[PDB]
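Listed below are the residues making up each chain.
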Amino acid sequence: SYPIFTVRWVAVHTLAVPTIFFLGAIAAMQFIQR
Amino acid sequence: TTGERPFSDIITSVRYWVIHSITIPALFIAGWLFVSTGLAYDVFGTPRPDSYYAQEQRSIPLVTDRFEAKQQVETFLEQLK
Amino acid sequence: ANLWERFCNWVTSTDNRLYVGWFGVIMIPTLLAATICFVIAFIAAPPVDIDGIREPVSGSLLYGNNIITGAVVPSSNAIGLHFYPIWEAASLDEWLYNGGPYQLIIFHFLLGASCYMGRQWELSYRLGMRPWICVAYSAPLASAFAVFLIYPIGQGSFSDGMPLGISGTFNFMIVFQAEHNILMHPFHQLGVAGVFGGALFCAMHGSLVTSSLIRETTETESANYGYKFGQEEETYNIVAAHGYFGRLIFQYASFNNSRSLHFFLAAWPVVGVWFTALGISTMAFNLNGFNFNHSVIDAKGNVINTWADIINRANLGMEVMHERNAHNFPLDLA
Amino acid sequence: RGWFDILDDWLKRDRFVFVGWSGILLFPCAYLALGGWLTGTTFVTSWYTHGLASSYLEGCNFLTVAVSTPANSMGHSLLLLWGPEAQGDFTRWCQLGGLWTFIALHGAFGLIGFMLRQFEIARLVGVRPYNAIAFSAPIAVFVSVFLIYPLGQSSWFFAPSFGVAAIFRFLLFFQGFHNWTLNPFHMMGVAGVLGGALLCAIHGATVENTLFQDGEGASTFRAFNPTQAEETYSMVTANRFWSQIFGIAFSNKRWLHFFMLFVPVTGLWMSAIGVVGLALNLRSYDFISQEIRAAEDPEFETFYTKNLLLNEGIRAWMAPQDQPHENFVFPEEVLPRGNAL
Amino acid sequence: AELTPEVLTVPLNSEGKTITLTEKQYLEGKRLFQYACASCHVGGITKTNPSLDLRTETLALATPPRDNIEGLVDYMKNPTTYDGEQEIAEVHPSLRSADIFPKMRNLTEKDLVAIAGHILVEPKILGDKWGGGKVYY
Amino acid sequence: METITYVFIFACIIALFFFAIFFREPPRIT
Amino acid sequence: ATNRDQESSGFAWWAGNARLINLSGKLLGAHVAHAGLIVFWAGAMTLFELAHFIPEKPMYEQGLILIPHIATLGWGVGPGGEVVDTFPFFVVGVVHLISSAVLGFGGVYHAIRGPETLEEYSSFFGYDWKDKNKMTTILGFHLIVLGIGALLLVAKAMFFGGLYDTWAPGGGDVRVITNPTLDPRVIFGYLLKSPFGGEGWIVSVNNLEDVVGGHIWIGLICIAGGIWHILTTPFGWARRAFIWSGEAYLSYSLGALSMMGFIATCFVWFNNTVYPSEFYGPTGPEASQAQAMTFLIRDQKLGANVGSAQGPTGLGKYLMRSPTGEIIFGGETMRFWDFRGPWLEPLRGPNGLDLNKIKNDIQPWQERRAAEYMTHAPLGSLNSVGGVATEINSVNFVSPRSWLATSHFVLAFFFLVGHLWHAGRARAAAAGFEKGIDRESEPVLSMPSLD
Ligand code: CLA
Ligand code: CLA
Ligand code: CLA
Ligand code: CLA
Ligand SMILES: CC1=C(/C=C/C(C)=C/C=C/C(C)=C/C=C/C=C(C)/C=C/C=C(C)/C=C/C2=C(C)CCCC2(C)C)C(C)(C)CCC1
Ligand SMILES: CC1=C(/C=C/C(C)=C/C=C/C(C)=C/C=C/C=C(C)/C=C/C=C(C)/C=C/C2=C(C)CCCC2(C)C)C(C)(C)CCC1
Ligand SMILES: CC1=C(/C=C/C(C)=C/C=C/C(C)=C/C=C/C=C(C)/C=C/C=C(C)/C=C/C2=C(C)CCCC2(C)C)C(C)(C)CCC1
Ligand code: OEX
Ligand SMILES: [Cl-]
Ligand SMILES: [Cl-]
Ligand SMILES: [Fe+2]
């Protein structure tokens, strides 16, 4: 019926995977103290 | 209208959330660990709050050479150690 | 009919080359008075003591200015917000020295521009069309109110209103940045996105319609002659334009409804300019842009400068030099 | 036929995200330019190039983060990762500002690929390439500001840094040092941008208030069909309205939309020309006639002479921290100050 | 650099003895300084009298010398002019005049030592930026 | 000399407004 | 039910509240539910401010906007504006908050369970927008309610403790008003004053006698007007000059609220009588005038002759003349010479600031007040960093006057846009072309060409 892995699948995850990874890193930065 | 599976049918399916309720939090945790373990500092060379100045200095370790630039940065960091 | 009804028919007549209307009854005399005074002042007005410190600033062409440096100078700081018409001065010479023409021009202009907006509704009613064009014009109108009336009110003097000149405008922008940090204010940033985005969409909509024009002319003649004034058929293929732009990005990011597309073209720059007009109006009451000066410090307590601290060094340079002779006390509170 | 026509078929297939031959250049360069900026503004400092913090890791917010230019001692070096300055060291490459050239160079080629994408899709669809022609204005602006201008100066250091507050510093730098507001090429750019936004608002508002009643509901958006032949708004009523309100009005719909292209594109091209001048410090800083008169007559004052006093205050108070490689040491007694302040 | 005990070591009195503060006392004195003093003494200057700042060199030349914990705590109780000739409790916040300066009512003896310590530690960290004015911003 | 030049250019623009409005090409519906 | 769909009503989901123009029952529930939201915020915000309130510091250092309104009515404060009892602040918050549940219950009922139309239930509460008699009667009822509300302020000032008077001798105190100003030459004189500098229109009211006297007049006028509109119908000239529809009536009130919003902005920015500076902080002019007096006292104590001190421009460094001759403060604060304040008026004589009182009568409490107001000038950043835009982080302060002025100017502006939007549409809908131009009857096509 529908394919799972397409060019659209790749273009979506090339942006989504680092975005969530970056959001986790910046979230941890809010608890850094000098 | 093209050929791919519509987004509305994907994000509302059970199989999608069986996978992404694990991958999305895992990527979130991996980014957290990248900071909490201090790896982000060493990978990019970003100073820690205690690594901007020496204890009794108020001068900026500014790079002043082009081809000796790598050696000046390493000289600056050794002064803090 | 009697004389009054015949006059009412002429005022609201749709056959006049330029529509008058009841809003036009106020607009025409006030705009002529502001225009005539502005032309005379820009050419021949003597210097006026804007900052109330007996330091007259030359603004007119006959007194050594060019097009770029000429201005009608705002009224004296010693006047403040006081009403200063001609008949309140002992003579026209006193009136000219203290910046009288500035008040006459801005007051007649702001009123004539307000009736210009109402005139836009009135003709839309006489012609049987929808009436919201005047709503789009309220965005530039609100901006003129901010720099000519609202900001003087909050600061307490028309001497801090925007001058009527090219270089004088630049003086207004620089002092505003030092005393309010308007660049770091979200409303000006929304105004930049309104004017940048508006120019983008203007060229975008213009290029897409031009790209999808239906061939009606020869290579030895302008394509504009392919459209006749008043023709019923549309002159371009929106489906072809949608097919191109839909593939430039992705399908669902392109408009296929022309009414939805043209409403978006109106909403984006209008709303963005409303915000930047409200920015000047709220900064008139000293609710200024973000202040991140010395926000980043190290473990010992040394300040770690950011780009915001560099902006503050530039702001300090504007602050200590503006109106170099007008301050006697350490804080410039207005 | 050979593998070329086979690859050409696959690259031009109708998919959710069109690829094409231009995608081979566009997609990697646009992704690396975007990913370079997000990586730098999150983790990378500017401490050794500018003496500044500029990442979320250091405590900066969205307004203050930036990918800063390399140090002035680097000149116009390409700052290749394998180049003689970084010598393959990724960490040192970040600390010396290598991400700025990485973003600027990959970004420059990404813009080329996107403009080629506009050409490639227009040809396959069968429309005129006026959208690609219009995109020349953002390219000329990018090239003049981020490439031509620093190449004329001492180094990449004085190019604009990729950041919100850093661009603001760039704006103020051009006022105090270049008197950029006095430049008629910027003034023509201002008229093109502000004029473009005016045309955008007034055209969309005119169409939305001259619509034909093609439906029964109060929501007029539904009363349109993208395949209909008739116009959806009245050009005649719109022409009559503006002829009586403003005196003149459009009468040719094709000229109107080309004019909407012409105004913003020409405005940006004019300001790009002015920036090329400023690359060589070829400014329109002064009016000689004003300066001769003001020098001999201590009572001659205009808004022009008032603005130069402001530019002089900007330069003296900003330069030591903004140009730290110069070791500017300005004693307190030499700083230009007005009374009290 | 860090906030070492050497930085947190300030003179106790005008005789010679010193005292080493804790970083908790430093952060407490900073919060209390912003609560009851920064409205006039932000950055170590004085908005209503810029001729007198909070620099250690200025406090050392006051009469009595205010460059120590004991001098500052006594000033916060019975403030005087720069020459010690007139008491100015009616125009400067103090415990003696906490009836007309209600923010001084909540300050205990421990709080005064914390505020005094912050004033002496801060110039050791910021240098000429403490009490220097807008030139060093 | 400069003043006369500035005012002369401005006056020509005002005269052009007069002709562009009252002596325009009349829009005709074919 | 009714409508709740595009095809059934004609409006889209983003204009769905317009589907209630002809559904009087559900429309009543909307207004009553929204009324509950207003009383809820008033009660909740007061309790929030009370929980975060510290009596030892001034109100304007704590971001309070509602408690200063209660203190101005004379509750919880004593001489000098110092808080002496926080319980009245708690009572106001609880009563407003509890009352929101009653309005919320009625709003949800009338909009969900109640009848969608009231015209079939009761002929008294039912209404049609075209009924010029019923509309004026409903207007008259609410005019009476507004009239009694203004008399509640009078009864409080005259019979239930009084109001806080910043002009009272001794630095301010709560005072009962026994002689309200009833002279129409004084009350209506404010309406005829110029809105420009030195006059200020109604914003210049500087005594409680004029405030409470004006609310007596307004109270009677509203009650008289309410009785008028109940017993009468609009005349011929009024019914030919107005559009009579639901959206038109909304547009009229949008213009009114916008007008009142701009007036309130200036009121909180300039007036220090009904907005006492002890609670809201000093005004813009007040703080600028306080700086001049601060350094006047400073330099005179050092021996300077402030009367004869020539400044750099030639004007006096401390004292100069206004355009009409009054001795005023020097420097840029020359613009603010119309400022009047309880800490400054003891220094004024017939010709303005009296030099003999300046050299002999300045009191420590005046030097104290001027230093406090100078260092609390209504200037601050969006993230609440007090001081000029070039100040460093340290002081967490933004004056309540700046918050109240900026917020209500934004709201007033958008309501003016709301007036324009809804008034233009009301004209078009009443005439029959709000949905577009009829292709078979385009008016311009039947008009002669302009040239
Ligand atoms: C469309 C693809 C594309 C393009 C145009 C660029 C372009 C660029 N990149 Mg990028 N890059 C890309 C994809 C791309 N990149 C990808 C996918 C990655 C991830 C791995 C990177 C990772 C990357 C890094 C890490 C760096 C760059 C850098 C650069 C710049 C220097 C390039 C250079 O010196 O190469 C020289 C040119 C070539 C090597 C091409 C030669 C090909 C010829 C035609 C083959 C035939 C001749 C040849 C001699 C024969 C082959 C055999 C022989 C070698 C033995 C330039 C702007 C540098 C930079 O920005 O510095 C600031 C840098 O440090 N890139
Ligand atoms: C002040 C805000 C406000 C209020 C009071 C209303 C009120 C109303 N709108 Mg509107 N609306 C609003 C904002 C508001 N709207 C906004 C912002 C939008 C844009 C998104 C809309 C879009 C919209 C559309 C498109 C439509 C309405 C309709 C309605 C009616 C509801 C009909 C119904 O049965 O709902 C049923 C709703 C529910 C069953 C959901 C539950 C709602 C309840 C009331 C929540 C109560 C929560 C509360 C905590 C309970 C406390 C109880 C306690 C006091 C005891 C009602 C008169 C409809 C209408 O015209 O009806 C004829 C309609 O078609 N509205
Ligand atoms: C101004 C808003 C408003 C309006 C116009 C209406 C109008 C209506 N409601 Mg509604 N209602 C409201 C608010 C409102 N209500 C609120 C806030 C609630 C929540 C308690 C309700 C709860 C409610 C219910 C549960 C019902 C109605 C019903 C009705 C209808 C019959 C009313 C009747 O016969 O009068 C009756 C009038 C009275 C009994 C008068 C007594 C009420 C007063 C205010 C109390 C006494 C106060 C005292 C005099 C004040 C002393 C001074 C004090 C200020 C210190 C009518 C259409 C009924 C209906 O439509 O049936 C289908 C129905 O069943 N309403
Ligand atoms: C806010 C409450 C309110 C509202 C909405 C209305 C609404 C109405 N009243 Mg009513 N009225 C009210 C309160 C109210 N009234 C009160 C309290 C009283 C008692 C004093 C009256 C006494 C009253 C009488 C005696 C009459 C009305 C009439 C009317 C109708 C037409 C009014 C009109 O033309 O306005 C527009 C106003 C005008 C055209 C006249 C003003 C024209 C000048 C030139 C404009 C000046 C504007 C000014 C510059 C801006 C403000 C500045 C000012 C503060 C100095 C209308 C239904 C009339 C009617 O039809 O009878 C039922 C009528 O004859 N009213
Ligand atoms: C440089 C480099 C590179 C590359 C890298 C990359 C490619 C990266 C990427 C990266 C990425 C890719 C990242 C991402 C991130 C993201 C983020 C961080 C996001 C965020 C977001 C947010 C925050 C949002 C928000 C919002 C908005 C904006 C609006 C609406 C609302 C909201 C809230 C949602 C390599 C390897 C070649 C090597 C060499 C160097
Ligand atoms: C219709 C509708 C709507 C609307 C709704 C509304 C608007 C509602 C309202 C509601 C309301 C308006 C409610 C209210 C409530 C209230 C309450 C529920 C209260 C309670 C209270 C209490 C319980 C308290 C307690 C206390 C006390 C007494 C003391 C102190 C402590 C405390 C606080 C705990 C919507 C839009 C959603 C949707 C659509 C439809
Ligand atoms: C409380 C108080 C007071 C009093 C006040 C009063 C007594 C007021 C009054 C008020 C009033 C007594 C007001 C009035 C107003 C009016 C108006 C605002 C009007 C309007 C009008 C209109 C809007 C019109 C329009 C039109 C035209 C013109 C034409 C035709 C059409 C129409 C009708 C639309 C005082 C200050 C002593 C003190 C404080 C407190
Ligand atoms: O006037 Mn014109 O500019 Ca507003 O701050 Mn103050 O005053 Mn004056 O100095 Mn900055
Ligand atoms: Cl200036
Ligand atoms: Cl001053
Ligand atoms: Fe169009």
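Residues numbered from 1 in each chain as written, not as in the entry; some residues may be left out. Chains lettered and ligands numbered in written order. Part of a larger assembly, values for the part shown. Heavy atoms only, no water.

- Structure determination for the deposited model, as stated in its record, used X-ray crystallography, and the stated resolution is 2.25000371562 Å.

- The record deposited in the PDB is entitled "Room temperature XFEL structure of the native, doubly-illuminated photosystem II complex".
- According to the UniProt record, the Subcellular location comment for chain G is "Cellular thylakoid membrane".
- Quoted verbatim from the Sequence similarities field of the UniProt record, the comment on chain G reads "Belongs to the PsbB/PsbC family. PsbC subfamily." (UniProt positions renumbered as here; feature names shortened; annotations may be inferred.)

- Quoted verbatim from the Subcellular location field of UniProt, the annotation for chain A is "Cellular thylakoid membrane".
- According to its UniProt record, chain A has this under Sequence similarities: "Belongs to the PsbE/PsbF family."

### Examining the interface of chain D and chain C
No. 1: Counting from both sides, the interface comprises 114 residues of chain D and, opposite them, 122 residues of chain C.
No. 2: The largest share of the area that chain D buries against chain C comes from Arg254, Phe303 and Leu341 of chain D, three residues that together contribute 10% of it.
No. 3: The tally of links between chain D and chain C comes to five salt bridges.
No. 4: Summed over the shared surface of chain D and chain C, the number is 46 residue pairs in polar contact.
No. 5: The set of elements that each furnish at least two residues to the side of chain D that touches chain C consists of helix 4 (98-125), helix 5 (130-134), helix 7 (164-178), helix 8 (184-208), helix 9 (235-245), helix 10 (253-278) and helix 12 (303-322) of chain D.
No. 6: In the side of chain D that touches chain C, the residues fall into 63 nonpolar, 35 polar and 16 charged. (Contact = heavy atoms within 4.5 Å. Buried area = accessible area lost by both parts, 1.4 Å probe. Salt bridge = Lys/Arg side-chain N within 4 Å of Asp/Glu carboxyl O. Polar contact = N/O pair within 3.5 Å; in protein donor to acceptor, adjacent residues only side chain to side chain. Helix = DSSP H or I, 4+ residues; strand = E, 2+ residues; numbered from the N terminus. Nonpolar A, V, L, I, M, F, W, Y, C, P; charged D, E, K, R; others polar.)

### Points about the coordination of the magnesium atom of ligand 4
Expected angles at a metal are 109.5 degrees for tetrahedral coordination by four donors and either 90 or 180 degrees for octahedral coordination by six donors.
No. 1: Within the protein, just one atom coordinates the magnesium atom of ligand 4: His229 of chain G (NE2), at a distance of 2.2 Å.
No. 2: By the element assignment, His229 of chain G lies in helix 8 (residues 208-231). (Donors = N, O, S within 2.8 Å, 3.2 Å for Na, K, Ca; no water.)

### Focus: the site of ligand 3
Residues and elements named next belong to chain G.
No. 1: Around ligand 3, the surrounding shell consists of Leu28, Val32, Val102, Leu103, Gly106, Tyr109, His110, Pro115, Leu118 and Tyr121.
No. 2: Here a nitrogen atom of ligand 3 and a side-chain polar atom of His110 are 2.8 Å apart.
No. 3: Here an oxygen atom of ligand 3 and a side-chain polar atom of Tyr121 are 3.2 Å apart.
No. 4: For the shell around ligand 3, the secondary structure elements donating two or more residues are helix 2 (24-51) and helix 4 (87-113).
No. 5: Broken down by element, the residue count for the shell around ligand 3 peaks at five residues, all from helix 4. (Near = heavy atom within 4 Å.)

### Here's the deal with the packing of aromatic side chains
Two aromatic rings, taken as a pair, are described by how far apart their centres are and by the angle between their planes.
All names here are of chain C.
No. 1: In this structure the tally under the stated criterion is 88 aromatic pairs over all chains.
No. 2: Aromatic side chains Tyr116 and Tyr137 sit 5.3 Å apart centroid to centroid with 55 degrees between the ring planes, which places their arrangement in the tilted category. On the criterion of sequence distance, the pair formed by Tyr116 in helix 4 (residues 100-126) and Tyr137 in helix 5 (residues 133-155) is long-range, its members being 21 residues apart.
No. 3: Residue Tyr116 is classed as buried on the basis of its relative accessible area of 16%.
No. 4: For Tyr137, a relative accessible area of 22% puts it in the partly exposed group. (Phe/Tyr/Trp six-rings, centres within 6.5 Å; stacked < 30°, edge-to-face > 60°. Buried < 20%, exposed > 50% of the residue type's maximum accessible area, 1.4 Å probe, protein only.)

### Some words on the packing of helix 7 of chain D against helix 12 of chain D
Packed helix pairs are specified by the crossing angle of their axes together with the interaxial distance, meaning the distance between the axes.
All names here are of chain D.
No. 1: In the contact formed by helix 7 and helix 12, the axes pass within 8 Å of each other and the chain directions differ by 130 degrees. In terms of axis orientation, helix 7 runs oblique to helix 12. At the point where helix 7 passes helix 12, the crossing takes the left-handed sense. Each of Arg169, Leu172, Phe173, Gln175, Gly176 and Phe177 in helix 7 lies in contact with helix 12, whose residues at this interface are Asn311, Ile314, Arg315, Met318 and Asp322. (Axes fitted to C-alpha atoms, helices over the stretch in contact; angles between N-to-C directions. Parallel < 35°, antiparallel > 145°, perpendicular 65-115°, else oblique. Left-handed = near helix turned anticlockwise from the far one by under 90°.)

### Quick look at the arrangement of the chains
No. 1: Between chains C and D lies the most contact-rich interface of the 16 pairs of chains that touch.
No. 2: Taking C-alpha atoms only, the smallest gap left between chain A and chain F, which are not in contact, amounts to 50 Å.
No. 3: Where chain E comes nearest to chain F, the C-alpha atoms are still 43 Å apart, and the two do not contact one another.

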